[PDB]
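Peer 1: A single structure is presented below for examination.
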Amino acid sequence: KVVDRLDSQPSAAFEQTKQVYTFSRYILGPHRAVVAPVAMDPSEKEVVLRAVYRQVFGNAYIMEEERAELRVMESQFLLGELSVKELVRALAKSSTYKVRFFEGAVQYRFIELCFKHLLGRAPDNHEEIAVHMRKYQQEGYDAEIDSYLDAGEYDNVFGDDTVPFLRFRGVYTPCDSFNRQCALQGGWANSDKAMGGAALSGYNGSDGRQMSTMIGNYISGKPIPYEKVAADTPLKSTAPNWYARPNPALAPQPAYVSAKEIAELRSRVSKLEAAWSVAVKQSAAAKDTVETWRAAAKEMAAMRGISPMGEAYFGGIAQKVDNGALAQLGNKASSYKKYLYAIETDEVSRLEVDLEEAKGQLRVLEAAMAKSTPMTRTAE
Amino acid sequence: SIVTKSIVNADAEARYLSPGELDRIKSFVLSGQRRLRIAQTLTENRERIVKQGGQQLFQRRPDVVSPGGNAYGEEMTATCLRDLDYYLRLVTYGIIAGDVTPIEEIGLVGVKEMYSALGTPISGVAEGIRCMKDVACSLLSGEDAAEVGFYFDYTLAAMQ
Amino acid sequence: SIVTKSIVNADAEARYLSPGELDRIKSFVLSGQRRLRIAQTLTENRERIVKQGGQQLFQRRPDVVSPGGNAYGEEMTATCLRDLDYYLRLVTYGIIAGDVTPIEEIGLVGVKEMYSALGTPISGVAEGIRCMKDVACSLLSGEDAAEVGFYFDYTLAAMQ
Amino acid sequence: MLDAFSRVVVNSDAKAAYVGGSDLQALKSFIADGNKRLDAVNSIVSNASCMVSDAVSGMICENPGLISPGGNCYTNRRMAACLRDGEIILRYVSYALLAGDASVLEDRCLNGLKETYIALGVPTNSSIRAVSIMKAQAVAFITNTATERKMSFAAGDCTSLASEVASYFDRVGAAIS
Amino acid sequence: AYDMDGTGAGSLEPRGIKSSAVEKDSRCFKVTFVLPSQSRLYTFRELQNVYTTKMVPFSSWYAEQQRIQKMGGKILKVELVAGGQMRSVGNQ
Amino acid sequence: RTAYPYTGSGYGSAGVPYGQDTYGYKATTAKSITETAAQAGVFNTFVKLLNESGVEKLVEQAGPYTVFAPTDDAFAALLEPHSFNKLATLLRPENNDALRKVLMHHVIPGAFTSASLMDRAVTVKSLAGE
Amino acid sequence: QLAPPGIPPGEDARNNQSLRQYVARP
Amino acid sequence: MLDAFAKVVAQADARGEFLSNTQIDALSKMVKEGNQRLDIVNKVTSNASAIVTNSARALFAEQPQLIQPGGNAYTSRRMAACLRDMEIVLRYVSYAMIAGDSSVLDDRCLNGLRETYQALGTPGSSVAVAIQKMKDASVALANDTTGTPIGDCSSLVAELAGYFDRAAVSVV
Amino acid sequence: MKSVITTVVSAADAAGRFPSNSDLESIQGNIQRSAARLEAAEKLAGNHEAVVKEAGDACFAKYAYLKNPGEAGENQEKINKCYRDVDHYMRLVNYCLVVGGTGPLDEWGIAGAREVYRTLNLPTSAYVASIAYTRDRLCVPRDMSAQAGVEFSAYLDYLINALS
Ligand SMILES: *CC[C@H]1/C(=C/c2[nH]c(/C=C3N=C(/C=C4\NC(=O)C(CC)=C4C)C(C)=C\3CCC(=O)O)c(CCC(=O)O)c2C)NC(=O)[C@@H]1C
Ligand SMILES: *[C@@H](C)[C@H]1/C(=C/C2=NC(=C\c3[nH]c(C[C@H]4NC(=O)C(C=C)=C4C)c(C)c3CCC(=O)O)/C(CCC(=O)O)=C2C)NC(=O)[C@@H]1C
Ligand SMILES: *[C@@H](C)[C@H]1/C(=C/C2=NC(=C\c3[nH]c(C[C@H]4NC(=O)C(C=C)=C4C)c(C)c3CCC(=O)O)/C(CCC(=O)O)=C2C)NC(=O)[C@@H]1C
Ligand SMILES: *[C@@H](C)[C@H]1/C(=C/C2=NC(=C\c3[nH]c(C[C@H]4NC(=O)C(C=C)=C4C)c(C)c3CCC(=O)O)/C(CCC(=O)O)=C2C)NC(=O)[C@@H]1C
Ligand SMILES: *[C@H](C)[C@H]1/C(=C/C2=NC(=C\c3[nH]c(C[C@H]4NC(=O)C(C=C)=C4C)c(C)c3CCC(=O)O)/C(CCC(=O)O)=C2C)NC(=O)[C@@H]1C
Ligand SMILES: *[C@H](C)[C@H]1/C(=C/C2=NC(=C\c3[nH]c(C[C@H]4NC(=O)C(C=C)=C4C)c(C)c3CCC(=O)O)/C(CCC(=O)O)=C2C)NC(=O)[C@@H]1C
Ligand SMILES: *[C@H](C)[C@H]1/C(=C/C2=NC(=C\c3[nH]c(C[C@H]4NC(=O)C(C=C)=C4C)c(C)c3CCC(=O)O)/C(CCC(=O)O)=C2C)NC(=O)[C@@H]1C
Ligand SMILES: C=CC1=C(C)[C@@H](Cc2[nH]c(/C=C3N=C(/C=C4\NC(=O)[C@H](C)[C@H]4CC)C(C)=C\3CCC(=O)O)c(CCC(=O)O)c2C)NC1=O
Ligand SMILES: C=CC1=C(C)[C@@H](Cc2[nH]c(/C=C3N=C(/C=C4\NC(=O)[C@H](C)[C@H]4CC)C(C)=C\3CCC(=O)O)c(CCC(=O)O)c2C)NC1=O
Ligand SMILES: CCC1=C(C)/C(=C/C2=NC(=C\c3[nH]c(/C=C4\NC(=O)[C@H](C)[C@H]4CC)c(C)c3CCC(=O)O)/C(CCC(=O)O)=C2C)NC1=O
Ligand SMILES: CCC1=C(C)/C(=C/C2=NC(=C\c3[nH]c(/C=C4\NC(=O)[C@H](C)[C@H]4CC)c(C)c3CCC(=O)O)/C(CCC(=O)O)=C2C)NC1=O
Ligand SMILES: CCC1=C(C)/C(=C/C2=NC(=C\c3[nH]c(/C=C4\NC(=O)[C@H](C)[C@H]4CC)c(C)c3CCC(=O)O)/C(CCC(=O)O)=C2C)NC1=O
């Protein structure tokens, strides 16, 4: 039993943060929970208002000429009768929101943006998308914003005083839906005006189509390609800055590939993962030279004990026996330090590291070979 | 293998094998069935050899297992018998090969550097080999023990 | 000596010594007063440096003097301390000669062959010289105990 | 929220004054007793865990009716919650000691804390006794007169910090009263 | 000590190859060549490998590379693996 | 039975010849900088400039270099409005010294491989001096 | 090395004397 | 006799100038050194007997002609006067170390010491050997930790070596 | 991580402001407090194997029930993986002293430790009886300076506060 409750449930009375957030990517980056305190200074009402305009507009840039329509609902928050969940309801029902994300958007793109902005959650399966389409056609835009917020999910996750954030939930109910979140919040330096093509399709930046890619992955249950999760991603904004020996970062697609060097790489991963299957099996029994004598060497050393440390005279000279737990076994400081160097010393781990350096290189060399007819080649 | 050592001496002279050097191989391959029996009877007595040969090493050198000794503790005496098991393995190679060059290139060249780097008394290692030779030779006839006794004694010389 | 190595090195090229090579001879004869005094301070502490050094060696290596060890018995331990006196005498020659070449030409060329033939553990002779180094280095000043310790560390490196 | 140097600007702004040579005296005393302030905040957050269980368990040993059936520290769900809010109160107190002003203890933590405990059912008279035990420990660590933990300071006296922090604990003892 | 002490024509030492290496120079090349014997058919000595790749010091590359040419050999490649290029001092 | 055998003959070996082909010290198959670039067929403009400017004399030296030669598409990308203002006068037949300083900036002393530069920021001085 | 005889070191009186009235020290 | 602080004031008064802000900060870092300067003076006076009697014992070993009959340090009174001069020079060098200025050392220890040793016939080159033997015996005793916290005393030990060198050239 | 620099650049970037004057002032306090805590990181780098050995057998002398069959010290392989864990916690404290704040102990040594010690049945009192031993062995002028011993015993108590 590792986790005890998910983030879709309310927090228990004995915790500050939730449990699934404590070892997630939540602790590592900017996608955290900003809460408004009980009594707010006007300087720290900006720290809550700049975080709302980050999330709810999805890194769109509100000019001050067009922040002037929001001063009526800003001041109703700065007074203090609109909570954060009621400010974002009126901000979604605004005019500057419907111009940006509704009035040129296909209905798939508007729902997946409302799933990104109001909830911290890319759209999970298909019949959830379908039922949220099937209010707007029957009830209009007005009641459909009450679908996301006036259900159990917003109250259990954000309450009424937290600004929405992209949730790194730990447990994902399809495991595909972790990929959707990384394909939708795709970059710190990105925004939905760019990802939806809403600046290049129109005239001087206005009149854009907010058209969606990855529509077919909603209907047909199909995974996201791994490039859209590893190269322009929240995982690079929340990068752990580890030493990882299989480094997950997507290398740049090279110019000047050749089908010769792909065939040598494709062959050598078959030499490595066939070797891995015959070395994993060989290990766990006969890997250790000093293991068959352990029961014979453990029955030989079990006599001549000195309780008041400083016995074993061996003549009249003195010997300084120490009764530590480690040194009673005959071990040194290098006995526990050997577990740290087993990456370039083990034969089972050297194979697996060398295998996945190669499928890293093969996944980007193959994909650069997906290019065609007028290609100029090289001599290595 | 004497077949290997017998060809390298002929190529150095740049000539075919002499009529005498050919008699070496047929007299060696003739005794192949005998060497397989000798080395095999030692293989079936590993625990009786390396354990008995090891405990006797702890009576003639009680300091290697006392506090401050190299083989003090459960692990250093477990690594203790590991070295003895290596050398009994190499002696069976030399018997089937008819040469000490298997033992020489595996465990005799650079042995003083390895053990000096580990702090292990080389005089205590050869004492365990002299104790394994008595356990080994006691399970074989005098006809065979005098033959296998050379491979044990050859390693003692190089280990000093 | 520093002068000897400069003359033989310039003879292999068949030429005269250069100003850089003559400065090393001037810089060496200037320190002759300090070298003659440091060697005198060690020669006056023979019985303490030797006896003190061999006393600590038998606590870090109690097996060499126990039953079965090389230096077992009064006559053997007497020759035990006799060897430490050889290397203390050689160290005073190196401090005065300006380099370690007397220690090498006397008692370092073939030292591993000598001690392997006598049955003596060479690792114990290097442990006994390291104990004499601590005793001899406790009778000297700040910078005079540093260089004298280098002549004791050279002997141990060449003895392993 | 505010600290010590911002209170003397807020006070000197309703009178439209510059902050000159007279008002700079309470602040030069603040920046010269600064190493004593960090040495007092370090001495409190370094014992923060053991102070709270010292205090909640003292709240039980004097009042056995808190662990009785239906008591407010009955299950493990409720006993752990009482150890949680003890750690929040000591956290917001030690914020105000570091700044030099209770302007952050009184608007984040203490503002609305009393009426929250009424909606839950937390007894206030026993939760006073917890903060009072915590006050006895925080003035014991600052003055280095804890009987079982001697931190190592330079020689001097911190009686004003031991009385600045006692008033911070009495605000918590007066707000939820 | 070095090969360029002025020894040339009309000196007491016989005429030979002179190198431009300093005293105890430490530059080495890496060469590759084939050198047939061209005398085995009247001496009848053993057969030896004539395809060589080895590191040769700067001090001897003029003499070696001039000897391989006299004896019919063919040099297939040469590179400098140790030393600097156009260094004034620091070749020792 | 292993994964990474060791090379060598005789007893205590694995069955792999020394150096994987009995060649302990193998001969150099790689070729010079100026001809390995002319062989690939994409460093056409670059190598032609090294011959016309005179920088080819030091690109062939034995010194370990780390060249950053620009592809032929890079030299064709100089038609940008900005970069053209800076380098359009290098086309004049009298500005050869200015071309040598712009080319010699790509020859770095030392052998920096793409794997040694992983997660490391290094600063050096080009053969031009900057 | 040392000041002249009798002059307390660092406390000379000819320190900043102008040239037009400088007296040479015997 | 004036210390390092009064040396700055004595130069400023002959200019008629106030001390500028770059001179006060050079004096506020002399205060910041402070405790490290008193640690040096404490270490060379606590061992002041051992510095003299070891450097003397090491001076007649190198130069045995000083204590032969006919040497300058052969008798009881001539030997005691030899150890006396070394304690005086070591006393005034520690006065200049606590002051930060060599003014007291050449005011009343070094004025006429060269002409004194020429009158007596004392070999002043051998007196300079004895100052240098006391120098490194106290330099090596300044930069060992032994109850001090770990830090950099490198500029102060270089300052202490300068006073021993000034006394050793003002004697021959 | 969590350093002095990372808190003043992430609070700035949340606001959208350049490095302000109160930012560069806080990095000056990183210059004054530096040599105190870079003096305790070097004392830990050159003497850790003698600290970890002495801190490790304090765990087994205090609780000798661990060496029973069934517990977390039943053989030589688990005992080596015990002294290894003390050398991990001691190496992270050396990383915290070099960075400046509690960056490395949070993300590499705490964030998940409440879970991996429950499933593997590792008792956590046995972890803190090794860390509390080293905090009580600190003789503050002998081992290091007095201000280094504050910076050293601060992360030692930060860790005991997180595991208890
Ligand atoms: C080991 C030292 C070397 C040495 C010393 C030596 N000195 C003397 C005699 C005198 N020294 C002084 C010195 C001082 N007088 C002062 O007032 C001061 C402070 C300003 C000093 C440092 C004086 C006045 C004398 C002569 C009077 C006396 O006897 O005290 C002597 C004795 C010479 C004699 O003939 O009596 C010795 C031996 N000489 C050496 O050989 C050492 C190298
Ligand atoms: C009262 C609680 C104590 C006490 C306090 C004193 N502390 C004094 C000096 C002091 N404390 C520190 C560490 C502090 N400064 C920092 O920068 C940080 C963290 C980043 C901390 C925790 C320092 C550096 C100093 C200065 C002395 C030193 O160099 O170690 C102090 C002296 C007064 C002063 O210097 O201002 C006092 C009185 N002392 C006590 O005895 C009670 C119990
Ligand atoms: C260089 C000689 C040493 C070294 C010296 C340091 N000492 C430091 C502080 C310090 N020094 C003293 C000695 C001195 N001060 C006095 O008041 C008296 C007696 C009246 C003496 C003899 C004291 C008392 C102190 C304590 C000051 C304090 O800590 O408050 C010091 C700086 C401390 C630090 O930064 O850690 C240094 C560097 N240290 C060395 O490594 C060499 C060997
Ligand atoms: C000995 C005094 C301890 C003890 C230790 C054991 N730990 C075991 C496994 C283990 N420990 C950790 C945490 C550790 N690894 C890290 O990388 C870091 C920080 C960088 C830390 C603190 C992990 C992740 C694991 C599992 C993987 C592994 O083997 O390292 C362990 C083995 C238990 C088992 O195999 O069932 C032991 C015995 N046990 C004790 O009794 C005290 C608490
Ligand atoms: C353990 C046996 C593996 C291993 C696992 C790691 N997984 C890490 C993050 C992570 N793991 C999952 C899988 C799981 N979570 C789910 O929600 C679902 C399905 C609904 C599954 C199967 C996911 C989706 C994620 C990413 C989500 C997140 O991080 O919040 C992880 C941490 C990596 C990191 O911090 O960068 C590890 C180490 N790793 C192993 O070595 C063994 C083989
Ligand atoms: C312990 C000394 C008390 C006690 C505490 C209980 N509190 C319970 C719930 C609860 N506690 C707080 C206080 C805390 N949260 C904050 O945000 C702040 C200030 C910033 C503080 C001090 C709150 C707000 C709540 C309710 C909401 C929540 O739990 O998150 C609680 C649980 C009651 C239950 O299980 O029904 C307990 C037992 N109770 C006691 O008897 C002593 C006196
Ligand atoms: C400068 C690049 C020279 C140089 C000259 C030095 N002069 C020193 C002292 C000094 N200078 C003067 C002449 C000065 N006083 C005036 O009133 C006028 C003109 C109106 C001038 C040029 C005098 C009279 C004196 C002595 C009085 C005094 O000490 O102030 C001097 C210090 C000498 C010393 O203390 O022994 C120097 C070093 N300095 C150089 O290095 C080059 C040669
Ligand atoms: C019925 C149960 C019961 C208890 C548990 C104690 C709890 C307790 N401790 C103190 C008093 C104190 N309590 C602590 C707390 C601690 N001491 C430490 O060193 C640790 C950090 C921490 C325990 C983990 C401290 C430091 C003092 C001050 C005196 C001292 O211990 O040095 C006080 C108030 C003052 C007093 O009574 O004198 C109380 C109620 N008393 C009880 O009646
Ligand atoms: C990383 C920081 C760090 C430390 C704190 C020490 C911790 C430590 N201290 C000692 C060793 C010691 N420590 C002390 C100190 C004391 N004993 C007392 O009774 C007094 C209360 C206290 C003075 C403050 C003494 C006297 C010894 C030597 C005797 C002993 O080992 O107990 C040893 C044994 C090896 C040694 O001598 O150093 C170790 C590991 N080492 C470190 O590397
Ligand atoms: C087949 C050729 C061959 C040999 C012999 C060999 C020996 C060998 N002996 C070792 C250690 C050791 N060897 C000994 C040996 C001894 N202690 C004593 O008291 C005796 C004098 C002596 C004989 C038992 C000990 C105690 C260790 C462990 C040292 C340590 O753990 O630090 C080790 C290091 C650990 C390991 O086994 O990987 C090697 C490699 N390797 C080889 O390839
Ligand atoms: C100047 C260079 C030099 C050296 C070093 C030297 C050594 C030397 N050591 C000898 C014996 C010996 N050496 C030792 C030495 C030791 N026993 C121990 O336990 C220690 C580990 C070790 C060092 C103290 C012993 C015990 C003997 C006598 C051996 C015997 O009698 O069986 C002998 C034979 C007897 C003699 O002639 O004295 C020589 C010649 N000769 C030289 O010319
Ligand atoms: C008989 C056929 C043959 C030739 C010609 C030959 C040349 C030859 N020239 C060399 C060097 C050299 N050659 C020169 C030559 C010149 N510098 C200039 O500025 C001029 C352009 C040029 C004179 C025309 C220099 C300066 C070196 C030394 C290079 C250095 O030390 O870096 C070396 C390296 C070894 C040594 O210098 O001793 C060889 C082997 N070897 C042969 O087997």
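Labels used: A, B, ... for chains in the order of the structure tokens, numbers from 1 for residues in each chain, and numbers from 1 for ligands as shown.
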Kindly provide, as an MDAnalysis selection string, all nucleotide and amino acid residues lying within 7 Å of ligand 6, counting only C-alpha atoms and all ligand atoms.

Peer 2: (chainID A and resid 12:14) or (chainID D and resid 56 66 72:73 77:79 81:83 85:86 88:89 108:110 113 116 120 122:124 126:127 130)

Peer 1: Write the selection just made, keeping N, CA, C and O atoms, as a JSON list (two decimals), in the first residue's frame?

Peer 2:
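Saved to part.json:
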```
[["chain", "number", "residue", "atom", "x", "y", "z"],
["A", 12, "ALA", "N", -7.38, 14.98, 3.47],
["A", 12, "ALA", "CA", -7.71, 14.58, 4.82],
["A", 12, "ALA", "C", -7.29, 15.68, 5.80],
["A", 12, "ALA", "O", -6.55, 16.60, 5.46],
["A", 13, "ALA", "N", -7.77, 15.56, 7.03],
["A", 13, "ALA", "CA", -7.61, 16.61, 8.02],
["A", 13, "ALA", "C", -6.22, 16.68, 8.63],
["A", 13, "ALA", "O", -5.97, 17.59, 9.42],
["A", 14, "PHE", "N", -5.31, 15.78, 8.29],
["A", 14, "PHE", "CA", -4.02, 15.69, 8.97],
["A", 14, "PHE", "C", -2.85, 15.92, 8.03],
["A", 14, "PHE", "O", -1.75, 15.41, 8.27],
["D", 56, "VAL", "N", 1.49, 18.63, 22.81],
["D", 56, "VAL", "CA", 0.23, 17.91, 22.67],
["D", 56, "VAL", "C", 0.14, 16.79, 23.69],
["D", 56, "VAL", "O", -0.93, 16.54, 24.26],
["D", 66, "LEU", "N", -9.56, 14.06, 26.74],
["D", 66, "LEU", "CA", -9.35, 14.35, 25.34],
["D", 66, "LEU", "C", -9.17, 13.09, 24.50],
["D", 66, "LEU", "O", -9.29, 13.16, 23.27],
["D", 72, "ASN", "N", -11.89, 14.91, 21.36],
["D", 72, "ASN", "CA", -11.50, 15.54, 20.13],
["D", 72, "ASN", "C", -10.15, 15.03, 19.64],
["D", 72, "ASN", "O", -9.68, 15.32, 18.54],
["D", 73, "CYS", "N", -9.51, 14.24, 20.48],
["D", 73, "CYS", "CA", -8.32, 13.52, 20.08],
["D", 73, "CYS", "C", -8.53, 12.02, 20.29],
["D", 73, "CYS", "O", -7.78, 11.39, 21.02],
["D", 77, "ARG", "N", -7.14, 9.71, 13.23],
["D", 77, "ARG", "CA", -7.42, 10.78, 12.29],
["D", 77, "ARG", "C", -7.48, 12.12, 13.00],
["D", 77, "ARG", "O", -7.13, 13.15, 12.41],
["D", 78, "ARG", "N", -7.89, 12.12, 14.26],
["D", 78, "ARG", "CA", -8.02, 13.36, 15.01],
["D", 78, "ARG", "C", -6.78, 13.67, 15.82],
["D", 78, "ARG", "O", -6.43, 14.85, 15.97],
["D", 79, "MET", "N", -6.09, 12.66, 16.33],
["D", 79, "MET", "CA", -4.85, 12.88, 17.06],
["D", 79, "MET", "C", -3.76, 13.41, 16.15],
["D", 79, "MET", "O", -2.94, 14.23, 16.57],
["D", 81, "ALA", "N", -4.33, 15.24, 13.49],
["D", 81, "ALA", "CA", -4.71, 16.58, 13.10],
["D", 81, "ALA", "C", -4.31, 17.59, 14.16],
["D", 81, "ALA", "O", -3.87, 18.70, 13.84],
["D", 82, "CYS", "N", -4.43, 17.21, 15.44],
["D", 82, "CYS", "CA", -3.97, 18.06, 16.52],
["D", 82, "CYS", "C", -2.46, 18.22, 16.52],
["D", 82, "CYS", "O", -1.95, 19.25, 16.97],
["D", 83, "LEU", "N", -1.74, 17.24, 16.02],
["D", 83, "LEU", "CA", -0.31, 17.42, 15.83],
["D", 83, "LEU", "C", -0.01, 18.21, 14.57],
["D", 83, "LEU", "O", 1.10, 18.72, 14.43],
["D", 85, "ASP", "N", -1.94, 21.02, 13.36],
["D", 85, "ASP", "CA", -2.17, 22.45, 13.59],
["D", 85, "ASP", "C", -1.26, 23.01, 14.67],
["D", 85, "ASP", "O", -1.05, 24.22, 14.70],
["D", 86, "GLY", "N", -0.71, 22.16, 15.54],
["D", 86, "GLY", "CA", 0.34, 22.62, 16.43],
["D", 86, "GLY", "C", 1.59, 23.01, 15.67],
["D", 86, "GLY", "O", 2.28, 23.96, 16.05],
["D", 88, "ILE", "N", 1.52, 24.17, 12.57],
["D", 88, "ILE", "CA", 1.25, 25.38, 11.80],
["D", 88, "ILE", "C", 1.37, 26.61, 12.68],
["D", 88, "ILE", "O", 1.87, 27.65, 12.24],
["D", 89, "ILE", "N", 0.91, 26.51, 13.92],
["D", 89, "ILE", "CA", 0.97, 27.64, 14.85],
["D", 89, "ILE", "C", 2.41, 27.97, 15.18],
["D", 89, "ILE", "O", 2.81, 29.14, 15.16],
["D", 108, "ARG", "N", -2.58, 35.99, 8.21],
["D", 108, "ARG", "CA", -2.64, 34.67, 7.61],
["D", 108, "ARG", "C", -3.19, 33.65, 8.58],
["D", 108, "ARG", "O", -4.20, 33.00, 8.31],
["D", 109, "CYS", "N", -2.56, 33.52, 9.74],
["D", 109, "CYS", "CA", -2.92, 32.46, 10.67],
["D", 109, "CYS", "C", -4.10, 32.83, 11.55],
["D", 109, "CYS", "O", -5.14, 32.18, 11.50],
["D", 110, "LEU", "N", -3.95, 33.88, 12.35],
["D", 110, "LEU", "CA", -4.89, 34.12, 13.44],
["D", 110, "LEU", "C", -6.18, 34.75, 12.98],
["D", 110, "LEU", "O", -7.17, 34.70, 13.71],
["D", 113, "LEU", "N", -9.09, 32.22, 12.70],
["D", 113, "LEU", "CA", -8.76, 30.93, 13.28],
["D", 113, "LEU", "C", -9.75, 30.55, 14.37],
["D", 113, "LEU", "O", -10.04, 29.36, 14.54],
["D", 116, "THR", "N", -13.16, 29.21, 12.99],
["D", 116, "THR", "CA", -12.98, 27.91, 12.37],
["D", 116, "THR", "C", -13.12, 26.79, 13.39],
["D", 116, "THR", "O", -13.86, 25.83, 13.18],
["D", 120, "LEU", "N", -15.81, 23.48, 13.72],
["D", 120, "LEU", "CA", -15.38, 22.09, 13.86],
["D", 120, "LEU", "C", -15.87, 21.48, 15.16],
["D", 120, "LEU", "O", -16.50, 20.42, 15.15],
["D", 122, "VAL", "N", -13.54, 21.92, 18.00],
["D", 122, "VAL", "CA", -12.30, 21.93, 18.75],
["D", 122, "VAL", "C", -12.52, 22.70, 20.04],
["D", 122, "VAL", "O", -12.96, 23.86, 19.99],
["D", 123, "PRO", "N", -12.27, 22.11, 21.20],
["D", 123, "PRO", "CA", -12.34, 22.88, 22.45],
["D", 123, "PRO", "C", -11.23, 23.92, 22.51],
["D", 123, "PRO", "O", -10.07, 23.63, 22.23],
["D", 124, "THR", "N", -11.61, 25.14, 22.85],
["D", 124, "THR", "CA", -10.64, 26.22, 22.86],
["D", 124, "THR", "C", -9.83, 26.25, 24.14],
["D", 124, "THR", "O", -8.68, 26.67, 24.12],
["D", 126, "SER", "N", -8.64, 23.79, 25.91],
["D", 126, "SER", "CA", -7.52, 22.87, 25.86],
["D", 126, "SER", "C", -6.50, 23.28, 24.81],
["D", 126, "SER", "O", -5.32, 23.00, 24.96],
["D", 127, "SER", "N", -6.94, 23.93, 23.74],
["D", 127, "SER", "CA", -5.99, 24.39, 22.74],
["D", 127, "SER", "C", -5.25, 25.63, 23.18],
["D", 127, "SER", "O", -4.26, 26.00, 22.55],
["D", 130, "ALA", "N", -2.15, 24.01, 25.01],
["D", 130, "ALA", "CA", -1.09, 23.57, 24.12],
["D", 130, "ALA", "C", -0.13, 24.70, 23.78],
["D", 130, "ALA", "O", 1.09, 24.52, 23.81]]
```

Peer 1: Could you list, as a VMD selection string, all residues that come within 6 Å of ligand 12? Count only C-alpha atoms and all ligand atoms.

Peer 2: chain E and resid 19 to 21 58 61 to 62 65 to 66 85 to 86

Peer 1: Counting only C-alpha atoms and all ligand atoms, what are the residues, protein, DNA or RNA alike, that approach ligand 1 to within 8 Å? I want them as a ChimeraX atom specification.

Peer 2: /H:56,59,66,71-74,77-86,88-89,108-113,116-117,120-130

Peer 1: Which neighbours of region 49-61 of chain F fall inside 9 Å, counting only C-alpha atoms, when residues of the same chain fewer than 5 positions from it are skipped, and could you give them as a PyMOL selection string?

Peer 2: (chain E and resi 80+85) or (chain F and resi 32-34+44+67+96-97+99-100+103-104+107)

Peer 1: Write out as a list in words the residues lying within 12 Å of region 6-15 of chain F, counting only C-alpha atoms and excluding same-chain residues fewer than 4 positions away.

Peer 2: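 After dropping sequence-adjacent residues, the list is residues 1, 4, 5, 8, 90, 93, 94, 97, 99, 100, 101, 102, 103, 104, 105, 106, 107, 108 and 109 of chain B; 1, 2, 19, 20, 21, 22, 23 and 24 of chain F.
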
Peer 1: Nearest residue to chain A out of D:84, D:129, D:36, D:91, using only C-alpha atoms?

Peer 2: D:84

Peer 1: Can I get the residues close to ligand 5 as a list in words, where close means within 9 Å and we count only C-alpha atoms and all ligand atoms?

Peer 2: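 Taking only C-alpha atoms and all ligand atoms into account, the residues around ligand 5 at most 9 Å away are residues 20, 21, 23, 24, 25, 26, 167, 168, 169, 170, 171, 172, 173, 174, 175, 176, 177, 178, 179, 235, 239, 240, 242 and 248 of chain A.
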
Peer 1: Quick one: residues within 6 Å of ligand 7, with only C-alpha atoms and all ligand atoms, as a ChimeraX atom specification?

Peer 2: /G:14-19,22

Peer 1: Can you spit out the residues from that selection as a compact mmCIF listing (two decimals), in the first residue's frame, using C-alpha atoms?

Peer 2:
```txt
# COMPACT_ATOMS: atom_id res chain seq x y z
CA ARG G 14 61.18 67.55 6.49
CA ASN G 15 58.25 65.42 5.26
CA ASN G 16 56.27 67.96 3.23
CA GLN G 17 58.72 70.87 3.26
CA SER G 18 58.53 72.93 0.09
CA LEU G 19 61.54 73.11 -2.21
CA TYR G 22 64.20 72.77 2.09
```
